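Peer 1: Let me give you the structure first, and then I'll get to my questions.
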Protein chains: 2
Amino acid sequence: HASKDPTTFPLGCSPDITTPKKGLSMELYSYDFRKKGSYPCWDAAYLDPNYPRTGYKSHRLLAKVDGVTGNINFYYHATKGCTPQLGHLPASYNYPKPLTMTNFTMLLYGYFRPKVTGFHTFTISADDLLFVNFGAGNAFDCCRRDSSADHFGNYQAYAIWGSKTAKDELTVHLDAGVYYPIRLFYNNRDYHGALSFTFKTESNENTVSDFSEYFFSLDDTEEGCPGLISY
Amino acid sequence: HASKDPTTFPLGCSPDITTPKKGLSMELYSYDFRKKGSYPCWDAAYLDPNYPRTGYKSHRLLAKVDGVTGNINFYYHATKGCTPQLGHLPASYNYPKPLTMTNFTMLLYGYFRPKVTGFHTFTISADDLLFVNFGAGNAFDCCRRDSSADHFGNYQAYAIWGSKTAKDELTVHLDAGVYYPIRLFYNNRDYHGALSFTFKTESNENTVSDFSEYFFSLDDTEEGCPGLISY
Ligand SMILES: OC[C@H]1O[C@@H](O[C@H]2[C@H](O)[C@@H](O)[C@H](O)O[C@@H]2CO)[C@H](O)[C@@H](O)[C@H]1O
Ligand SMILES: OC[C@H]1O[C@@H](O[C@H]2[C@H](O)[C@@H](O)[C@H](O)O[C@@H]2CO)[C@H](O)[C@@H](O)[C@H]1O
Ligand SMILES: [Ca+2]
Ligand SMILES: [Ca+2]
Ligand SMILES: [Cl-]
Ligand SMILES: [Cl-]
Ligand SMILES: [Cl-]
Ligand SMILES: [Cl-]
Ligand code: NA
Ligand code: NA
């Protein structure tokens, strides 16, 4: 160089006849540096309170893909600060092309399906930013993302590199086989990048990092697909 | 180098027998630079999404004063970046002591009492940050700040120096003589500072910058003081 509030007992969704499709949807957007000579060289727009809501959409759209699943963690090691440098996302992201891994924004959305009924703790870390919404309402409404995408509530967990919250966790009680809306919003402002998203349950001692049997996409429907299990 | 959502028709409050006290309450907090040699030298904590909610309270408390009113605008011109430099707030702030005007955080809260029934447009600008909540619920509950202070909603207006939103405005319909909860959250991260808060009404052509007959403080009460005028 559902209510929008985060909760420990989130609401979930009950899909009907159509088989859920594997994986999350992802959108990729540009995130330019500031003009040469600026101090610092990186743009602080990523921290504007509405950047994850409306601001990101004013940047150049790079891609929109389906079927993102597996292990979505990555570490991108840059060689120079203040410089756009190319790299590739892991194959799990279904995006073959190079992108500026030093400086970009990424949105992932869809549903998390548990295998365990009970408490789950999701652990996150990021360079630079990962904001997580989770649950109907807090993320978006069941099979009604089209009317609720931009209306997510306060984050269930968030991580900001360099901050007092560089890693974070969310503990929620979930029901096996129910589909929970999830939104992951990521940014790299400069230099190295990293995303880590894993979970554990009170059940066993394994950390889950491969979401192949956990992330799904559901079609929106006129009436929605609110969870039919809770009572 | 009331609902928490922002609205155009905010809810207000009806004080009982006790005469409203002149002015807002203010709290002042430290905001340190990063360690010498850091790039950039200023701390980005001010932009953490919970900094205006919980994070500011972890910093050193400098002052808590009553009776802030008059013209609250200021421009502080620093002579060196990355350096704590002393200055004084305007006399309107009722705080005589020097403080590090280059790097500090300030919270103001109380009620705005209009003189006009009709649309008001408040205009703000700041170096570095000014976040405004306005209306019962969005700011805090009528004569119930003690149970609602930390639960303000999405900002009615906000300004961030260097951003695509360096000035902002809020247009709201208000009733004369009703008391609207208001919260102003300010930060200077480095170097120069500035705060501007003014309004106009559709009625006349004058810009109001002297809040002497507009800002008030109301005691909290067990039952609250919800507005009795709307119907
Ligand atoms: O360390 C990861 C972190 O790097 C920041 O760049 C820093 C750099 O680490 C530091 O050595 C230098 O002095 O200042 C740089 C810019 O603030 C990235 O900005 C940050 O996004 C992370 O990737
Ligand atoms: O201009 C007000 C603005 O100054 C920032 O400091 C800048 C400075 O303006 C710029 O000339 C220099 O190259 O980089 C500095 C640090 O980013 C303050 O950081 C900012 O808070 C405002 O006060
Ligand atoms: Ca980075
Ligand atoms: Ca400044
Ligand atoms: Cl729903
Ligand atoms: Cl870089
Ligand atoms: Cl109220
Ligand atoms: Cl300074
Ligand atoms: Na596509
Ligand atoms: Na005092």
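Labels for the structure tokens follow display order: chains A, B, ..., residues from 1 in each chain, ligands from 1.
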Define the interface residues of chain A facing chain B as those within 12 Å, counting only C-alpha atoms, and report them as a CSV table (one decimal) with N, CA and C atoms, in the first residue's frame.

Peer 2:
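Saved as part.csv:
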```
chain,number,residue,atom,x,y,z
A,1,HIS,N,0.8,-1.2,0.0
A,1,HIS,CA,0.0,0.0,0.0
A,1,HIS,C,0.9,1.3,0.0
A,3,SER,N,-42.2,-11.0,11.4
A,3,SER,CA,-41.5,-9.8,11.8
A,3,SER,C,-40.1,-9.8,11.1
A,4,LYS,N,-39.6,-8.6,11.0
A,4,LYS,CA,-38.3,-8.4,10.4
A,4,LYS,C,-37.1,-8.5,11.4
A,5,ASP,N,-37.4,-8.5,12.7
A,5,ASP,CA,-36.3,-8.4,13.7
A,5,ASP,C,-35.6,-9.8,13.8
A,34,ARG,N,-11.3,4.1,-5.3
A,34,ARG,CA,-11.3,5.5,-5.5
A,34,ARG,C,-10.2,5.9,-6.5
A,38,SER,N,-6.0,8.8,-3.9
A,38,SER,CA,-6.9,9.0,-2.8
A,38,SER,C,-6.4,8.3,-1.5
A,39,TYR,N,-6.8,8.9,-0.4
A,39,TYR,CA,-6.4,8.4,1.0
A,39,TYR,C,-7.6,8.1,1.8
A,40,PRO,N,-7.9,6.9,2.1
A,40,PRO,CA,-7.3,5.7,1.6
A,40,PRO,C,-7.7,5.4,0.2
A,41,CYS,N,-7.1,4.4,-0.5
A,41,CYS,CA,-7.4,4.2,-1.9
A,41,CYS,C,-8.7,3.5,-2.1
A,42,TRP,N,-9.2,2.8,-1.0
A,42,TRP,CA,-10.5,2.1,-1.1
A,42,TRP,C,-11.6,3.0,-0.8
A,43,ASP,N,-12.8,2.6,-1.4
A,43,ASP,CA,-14.0,3.4,-1.2
A,43,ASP,C,-14.7,2.9,0.0
A,44,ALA,N,-15.2,3.8,0.9
A,44,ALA,CA,-15.9,3.4,2.1
A,44,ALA,C,-17.4,3.2,1.9
A,45,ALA,N,-17.9,3.3,0.6
A,45,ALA,CA,-19.3,3.1,0.3
A,45,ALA,C,-19.8,1.8,0.9
A,46,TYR,N,-19.0,0.7,1.0
A,46,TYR,CA,-19.4,-0.6,1.4
A,46,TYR,C,-20.0,-0.5,2.8
A,47,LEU,N,-19.7,0.5,3.6
A,47,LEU,CA,-20.2,0.7,5.0
A,47,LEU,C,-21.3,1.7,5.1
A,48,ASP,N,-21.8,2.3,4.0
A,48,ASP,CA,-23.0,3.1,4.0
A,48,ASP,C,-24.1,2.2,4.5
A,49,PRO,N,-25.0,2.7,5.4
A,49,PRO,CA,-26.0,1.8,6.0
A,49,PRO,C,-26.9,1.2,4.9
A,50,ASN,N,-27.2,1.9,3.8
A,50,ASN,CA,-28.0,1.3,2.8
A,50,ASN,C,-27.2,0.7,1.6
A,51,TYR,N,-25.9,0.6,1.7
A,51,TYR,CA,-25.2,-0.1,0.7
A,51,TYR,C,-25.7,-1.6,0.5
A,52,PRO,N,-26.0,-2.3,1.5
A,52,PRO,CA,-26.4,-3.7,1.3
A,52,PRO,C,-27.9,-3.8,0.8
A,53,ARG,N,-28.6,-2.7,0.8
A,53,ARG,CA,-30.0,-2.6,0.5
A,53,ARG,C,-30.3,-2.1,-0.9
A,55,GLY,N,-27.6,0.5,-2.4
A,55,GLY,CA,-26.4,1.1,-3.0
A,55,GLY,C,-25.7,0.1,-3.9
A,58,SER,N,-26.3,0.0,-7.8
A,58,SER,CA,-25.9,1.1,-8.7
A,58,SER,C,-24.5,0.8,-9.3
A,81,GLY,N,-1.8,-3.9,-2.6
A,81,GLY,CA,-2.9,-3.2,-2.2
A,81,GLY,C,-3.3,-2.1,-3.2
A,82,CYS,N,-4.5,-1.6,-3.1
A,82,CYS,CA,-5.0,-0.5,-3.9
A,82,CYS,C,-5.0,-0.8,-5.4
A,129,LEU,N,-16.4,-7.8,4.5
A,129,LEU,CA,-17.7,-7.7,5.1
A,129,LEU,C,-18.5,-9.0,4.7
A,131,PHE,N,-22.6,-9.8,5.9
A,131,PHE,CA,-23.8,-9.5,6.6
A,131,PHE,C,-24.8,-10.7,6.4
A,151,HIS,N,-36.2,-5.6,1.9
A,151,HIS,CA,-36.8,-5.2,3.1
A,151,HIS,C,-36.3,-6.1,4.3
A,152,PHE,N,-35.1,-6.7,4.2
A,152,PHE,CA,-34.5,-7.4,5.3
A,152,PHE,C,-34.3,-6.5,6.5
A,153,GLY,N,-34.3,-7.2,7.7
A,153,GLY,CA,-34.2,-6.5,8.9
A,153,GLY,C,-32.8,-6.4,9.4
A,154,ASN,N,-32.7,-6.0,10.7
A,154,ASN,CA,-31.4,-5.9,11.3
A,154,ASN,C,-30.6,-7.3,11.2
A,155,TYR,N,-29.3,-7.2,11.0
A,155,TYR,CA,-28.6,-8.5,10.7
A,155,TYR,C,-28.7,-9.5,11.9
A,157,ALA,N,-26.3,-11.7,12.1
A,157,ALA,CA,-24.8,-11.8,12.4
A,157,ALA,C,-24.1,-10.9,11.3
A,158,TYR,N,-23.0,-10.4,11.7
A,158,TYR,CA,-22.2,-9.7,10.7
A,158,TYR,C,-20.8,-9.6,11.2
A,159,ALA,N,-19.9,-9.6,10.2
A,159,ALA,CA,-18.4,-9.5,10.4
A,159,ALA,C,-17.8,-8.5,9.5
A,160,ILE,N,-17.0,-7.6,10.1
A,160,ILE,CA,-16.3,-6.6,9.3
A,160,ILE,C,-14.8,-6.6,9.7
A,161,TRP,N,-14.0,-6.8,8.7
A,161,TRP,CA,-12.5,-6.9,8.9
A,161,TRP,C,-12.0,-5.6,9.5
A,162,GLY,N,-11.1,-5.7,10.5
A,162,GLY,CA,-10.5,-4.5,11.1
A,162,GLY,C,-11.3,-4.0,12.2
A,163,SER,N,-12.5,-4.5,12.5
A,163,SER,CA,-13.5,-4.0,13.5
A,163,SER,C,-13.4,-4.8,14.8
A,164,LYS,N,-14.1,-4.4,15.7
A,164,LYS,CA,-14.3,-5.1,17.0
A,164,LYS,C,-15.1,-6.4,16.8
A,165,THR,N,-15.8,-6.5,15.6
A,165,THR,CA,-16.6,-7.7,15.2
A,165,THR,C,-16.0,-8.3,13.9
A,166,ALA,N,-14.8,-8.8,13.9
A,166,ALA,CA,-14.2,-9.5,12.7
A,166,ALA,C,-14.7,-10.9,12.5
```

Peer 1: Onto chain A, please fit chain B by least squares using all C-alpha atoms in order, then return the transformed chain as a short mmCIF file (atom, residue, chain, number, x, y, z; two decimals) with C-alpha atoms, in the first residue's frame.

Peer 2:
```cif
data_model
loop_
_atom_site.label_atom_id
_atom_site.label_comp_id
_atom_site.auth_asym_id
_atom_site.auth_seq_id
_atom_site.Cartn_x
_atom_site.Cartn_y
_atom_site.Cartn_z
CA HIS B 1 0.00 0.00 0.00
CA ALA B 2 -43.16 -12.53 9.83
CA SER B 3 -41.48 -9.79 11.84
CA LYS B 4 -38.27 -8.38 10.39
CA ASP B 5 -36.34 -8.44 13.67
CA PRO B 6 -33.60 -11.02 14.26
CA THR B 7 -34.67 -13.81 16.59
CA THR B 8 -33.42 -17.04 18.13
CA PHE B 9 -36.60 -18.85 16.95
CA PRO B 10 -36.80 -17.85 13.29
CA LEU B 11 -39.79 -18.65 11.13
CA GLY B 12 -39.39 -21.06 8.23
CA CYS B 13 -41.17 -22.15 5.10
CA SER B 14 -42.98 -25.19 3.74
CA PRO B 15 -42.56 -25.78 -0.01
CA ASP B 16 -45.36 -27.56 -1.82
CA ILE B 17 -45.15 -30.17 -4.56
CA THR B 18 -42.20 -28.76 -6.51
CA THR B 19 -38.85 -30.25 -5.54
CA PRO B 20 -36.53 -27.55 -4.10
CA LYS B 21 -33.66 -26.81 -6.44
CA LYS B 22 -30.13 -27.34 -5.16
CA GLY B 23 -28.13 -24.31 -4.11
CA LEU B 24 -28.44 -20.57 -3.61
CA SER B 25 -28.72 -17.80 -6.15
CA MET B 26 -25.77 -15.44 -6.42
CA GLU B 27 -25.29 -11.97 -7.88
CA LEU B 28 -21.89 -10.35 -8.42
CA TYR B 29 -21.27 -6.61 -8.69
CA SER B 30 -18.27 -4.38 -9.26
CA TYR B 31 -16.76 -2.33 -6.43
CA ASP B 32 -14.27 0.19 -7.80
CA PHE B 33 -11.37 1.77 -5.96
CA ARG B 34 -11.28 5.52 -5.53
CA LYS B 35 -9.30 7.63 -7.97
CA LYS B 36 -5.53 7.21 -7.92
CA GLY B 37 -3.90 9.06 -5.04
CA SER B 38 -6.94 9.01 -2.76
CA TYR B 39 -6.36 8.41 0.95
CA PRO B 40 -7.29 5.69 1.59
CA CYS B 41 -7.40 4.19 -1.87
CA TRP B 42 -10.46 2.05 -1.11
CA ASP B 43 -14.02 3.38 -1.21
CA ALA B 44 -15.92 3.45 2.10
CA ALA B 45 -19.28 3.07 0.30
CA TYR B 46 -19.42 -0.57 1.44
CA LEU B 47 -20.16 0.70 4.97
CA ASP B 48 -22.96 3.11 4.03
CA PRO B 49 -25.99 1.81 5.97
CA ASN B 50 -28.00 1.35 2.76
CA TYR B 51 -25.20 -0.12 0.67
CA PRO B 52 -26.44 -3.72 1.27
CA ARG B 53 -30.03 -2.65 0.54
CA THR B 54 -29.96 -0.28 -2.45
CA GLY B 55 -26.44 1.06 -2.97
CA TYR B 56 -24.86 -2.10 -4.36
CA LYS B 57 -27.34 -2.12 -7.28
CA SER B 58 -25.90 1.11 -8.68
CA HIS B 59 -22.62 -0.72 -9.44
CA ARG B 60 -21.93 -2.73 -12.54
CA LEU B 61 -23.64 -6.10 -12.57
CA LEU B 62 -21.13 -8.86 -13.32
CA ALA B 63 -23.15 -12.06 -13.05
CA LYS B 64 -26.26 -13.78 -11.78
CA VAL B 65 -26.02 -17.55 -11.34
CA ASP B 66 -28.00 -20.38 -9.80
CA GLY B 67 -27.01 -23.53 -7.98
CA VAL B 68 -24.35 -22.21 -5.58
CA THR B 69 -23.63 -24.91 -3.01
CA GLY B 70 -20.98 -27.04 -1.46
CA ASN B 71 -18.20 -25.39 0.52
CA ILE B 72 -18.55 -21.66 -0.18
CA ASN B 73 -15.59 -20.56 1.91
CA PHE B 74 -12.65 -18.89 0.18
CA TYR B 75 -9.39 -17.12 0.88
CA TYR B 76 -8.06 -14.80 -1.82
CA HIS B 77 -4.47 -13.70 -1.29
CA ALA B 78 -3.63 -10.49 -3.16
CA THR B 79 -0.12 -9.34 -3.98
CA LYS B 80 -0.55 -5.54 -3.92
CA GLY B 81 -2.92 -3.17 -2.17
CA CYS B 82 -4.99 -0.48 -3.87
CA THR B 83 -4.96 -2.55 -7.07
CA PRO B 84 -7.63 -4.56 -8.92
CA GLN B 85 -6.32 -8.12 -9.22
CA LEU B 86 -7.95 -11.09 -10.86
CA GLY B 87 -8.96 -14.38 -9.34
CA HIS B 88 -11.61 -17.05 -9.43
CA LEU B 89 -14.27 -18.11 -6.97
CA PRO B 90 -14.30 -21.76 -5.88
CA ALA B 91 -16.13 -24.14 -8.20
CA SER B 92 -19.02 -24.22 -5.71
CA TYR B 93 -20.04 -20.77 -6.98
CA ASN B 94 -20.76 -21.98 -10.54
CA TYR B 95 -18.98 -18.92 -11.98
CA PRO B 96 -16.03 -19.83 -14.22
CA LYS B 97 -14.88 -16.38 -15.30
CA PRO B 98 -12.10 -14.36 -13.63
CA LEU B 99 -13.20 -11.40 -11.58
CA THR B 100 -11.51 -8.65 -9.55
CA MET B 101 -11.30 -10.70 -6.33
CA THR B 102 -9.62 -7.73 -4.59
CA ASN B 103 -12.68 -5.51 -4.98
CA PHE B 104 -16.20 -6.81 -5.56
CA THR B 105 -19.60 -7.31 -3.99
CA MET B 106 -21.60 -10.53 -3.80
CA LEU B 107 -25.17 -11.35 -2.78
CA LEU B 108 -26.35 -14.90 -2.06
CA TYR B 109 -29.95 -15.79 -1.25
CA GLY B 110 -32.19 -18.82 -0.91
CA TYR B 111 -33.07 -21.20 1.92
CA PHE B 112 -31.28 -23.24 4.55
CA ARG B 113 -32.79 -26.71 5.25
CA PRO B 114 -31.59 -28.29 8.53
CA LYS B 115 -31.04 -31.98 9.15
CA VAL B 116 -31.31 -31.57 12.97
CA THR B 117 -34.15 -30.19 15.04
CA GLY B 118 -32.46 -28.08 17.67
CA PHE B 119 -30.00 -25.29 18.24
CA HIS B 120 -27.57 -24.42 15.44
CA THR B 121 -24.68 -21.97 15.80
CA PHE B 122 -23.50 -20.44 12.54
CA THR B 123 -20.02 -18.90 12.68
CA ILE B 124 -18.86 -16.28 10.20
CA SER B 125 -15.75 -14.32 9.38
CA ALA B 126 -14.92 -12.11 6.42
CA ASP B 127 -12.47 -9.81 4.74
CA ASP B 128 -14.01 -7.28 4.31
CA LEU B 129 -17.68 -7.74 5.10
CA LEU B 130 -20.30 -10.47 5.50
CA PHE B 131 -23.83 -9.55 6.62
CA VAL B 132 -26.30 -12.36 7.33
CA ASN B 133 -30.07 -12.29 7.52
CA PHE B 134 -31.89 -15.48 8.50
CA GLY B 135 -35.54 -16.41 8.88
CA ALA B 136 -38.79 -15.44 7.23
CA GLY B 137 -39.21 -11.69 7.42
CA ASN B 138 -35.68 -11.03 8.68
CA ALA B 139 -34.31 -12.17 5.30
CA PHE B 140 -37.43 -12.26 3.07
CA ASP B 141 -40.91 -13.79 3.04
CA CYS B 142 -41.60 -17.46 2.26
CA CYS B 143 -41.84 -17.98 -1.51
CA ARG B 144 -42.38 -14.20 -1.73
CA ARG B 145 -38.90 -12.84 -2.27
CA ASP B 146 -40.28 -10.77 -5.15
CA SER B 147 -42.21 -8.56 -2.73
CA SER B 148 -39.70 -8.56 0.10
CA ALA B 149 -36.12 -8.75 -1.24
CA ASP B 150 -35.12 -5.22 -0.28
CA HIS B 151 -36.80 -5.23 3.13
CA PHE B 152 -34.52 -7.42 5.27
CA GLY B 153 -34.23 -6.46 8.93
CA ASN B 154 -31.36 -5.93 11.32
CA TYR B 155 -28.61 -8.47 10.71
CA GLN B 156 -28.64 -11.79 12.55
CA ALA B 157 -24.84 -11.79 12.37
CA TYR B 158 -22.21 -9.65 10.72
CA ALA B 159 -18.43 -9.54 10.39
CA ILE B 160 -16.27 -6.56 9.35
CA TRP B 161 -12.51 -6.90 8.91
CA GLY B 162 -10.53 -4.54 11.11
CA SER B 163 -13.46 -3.99 13.47
CA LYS B 164 -14.28 -5.13 16.97
CA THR B 165 -16.57 -7.70 15.23
CA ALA B 166 -14.24 -9.49 12.71
CA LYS B 167 -15.96 -12.82 13.42
CA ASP B 168 -19.52 -13.32 14.65
CA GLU B 169 -22.01 -16.06 15.39
CA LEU B 170 -25.72 -16.67 15.31
CA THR B 171 -27.49 -19.27 17.45
CA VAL B 172 -30.98 -20.27 16.31
CA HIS B 173 -33.38 -23.12 17.03
CA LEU B 174 -34.44 -24.83 13.78
CA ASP B 175 -36.66 -27.70 12.67
CA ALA B 176 -35.32 -30.45 10.40
CA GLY B 177 -36.66 -30.39 6.86
CA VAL B 178 -38.08 -26.83 7.07
CA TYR B 179 -36.71 -24.17 4.70
CA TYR B 180 -35.37 -20.96 6.29
CA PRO B 181 -34.83 -17.82 4.17
CA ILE B 182 -31.19 -16.78 4.19
CA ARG B 183 -29.35 -13.77 2.74
CA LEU B 184 -25.56 -13.41 2.67
CA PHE B 185 -24.07 -10.08 1.59
CA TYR B 186 -20.32 -9.95 1.02
CA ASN B 187 -17.78 -7.29 0.03
CA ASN B 188 -14.07 -7.02 -0.60
CA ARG B 189 -12.92 -3.37 -0.61
CA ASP B 190 -9.21 -3.90 -1.30
CA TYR B 191 -6.38 -6.46 -1.21
CA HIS B 192 -7.01 -9.85 0.42
CA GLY B 193 -10.49 -11.33 0.61
CA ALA B 194 -12.00 -14.07 2.72
CA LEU B 195 -15.41 -15.58 3.44
CA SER B 196 -16.09 -18.27 6.03
CA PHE B 197 -19.57 -19.59 6.79
CA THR B 198 -19.94 -22.81 8.81
CA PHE B 199 -22.19 -24.22 11.54
CA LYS B 200 -22.38 -26.65 14.41
CA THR B 201 -25.33 -28.13 16.24
CA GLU B 202 -25.66 -29.11 19.87
CA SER B 203 -26.19 -32.66 18.55
CA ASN B 204 -22.72 -33.73 17.37
CA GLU B 205 -19.12 -32.47 17.29
CA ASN B 206 -18.67 -32.01 13.53
CA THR B 207 -18.40 -28.55 11.97
CA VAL B 208 -20.36 -28.39 8.74
CA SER B 209 -18.73 -26.49 5.90
CA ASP B 210 -20.23 -28.36 2.90
CA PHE B 211 -23.74 -27.07 2.27
CA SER B 212 -24.56 -29.49 -0.60
CA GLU B 213 -27.55 -30.98 1.26
CA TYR B 214 -28.50 -27.73 3.06
CA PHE B 215 -28.86 -24.81 0.59
CA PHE B 216 -31.88 -24.70 -1.71
CA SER B 217 -33.88 -22.40 -3.93
CA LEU B 218 -37.68 -22.25 -3.99
CA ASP B 219 -39.85 -20.65 -6.64
CA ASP B 220 -41.93 -17.69 -5.54
CA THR B 221 -45.69 -18.24 -5.62
CA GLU B 222 -48.65 -15.86 -5.44
CA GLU B 223 -49.76 -17.03 -1.99
CA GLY B 224 -46.33 -17.78 -0.55
CA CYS B 225 -45.23 -20.91 1.28
CA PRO B 226 -45.36 -20.06 4.99
CA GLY B 227 -44.19 -22.77 7.37
CA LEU B 228 -46.91 -25.28 8.20
CA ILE B 229 -45.05 -27.08 11.01
CA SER B 230 -44.89 -24.60 13.91
CA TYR B 231 -47.77 -24.51 16.39
#
```

Peer 1: From a backbone DSSP assignment, name each residue in range 113-204 of chain A labelled helix (DSSP H, G or I), as a list in words.

Peer 2: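 Here are the helix (DSSP H, G or I) residues of range 113-204 of chain A: residues 145, 146, 147, 149, 150 and 151 of chain A.
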
Peer 1: Per DSSP on the backbone, what are the strand (DSSP E) residues of range 155-231 of chain B, as a PyMOL selection string?

Peer 2: chain B and resi 157-160+167-174+180-188+193-201+215-217
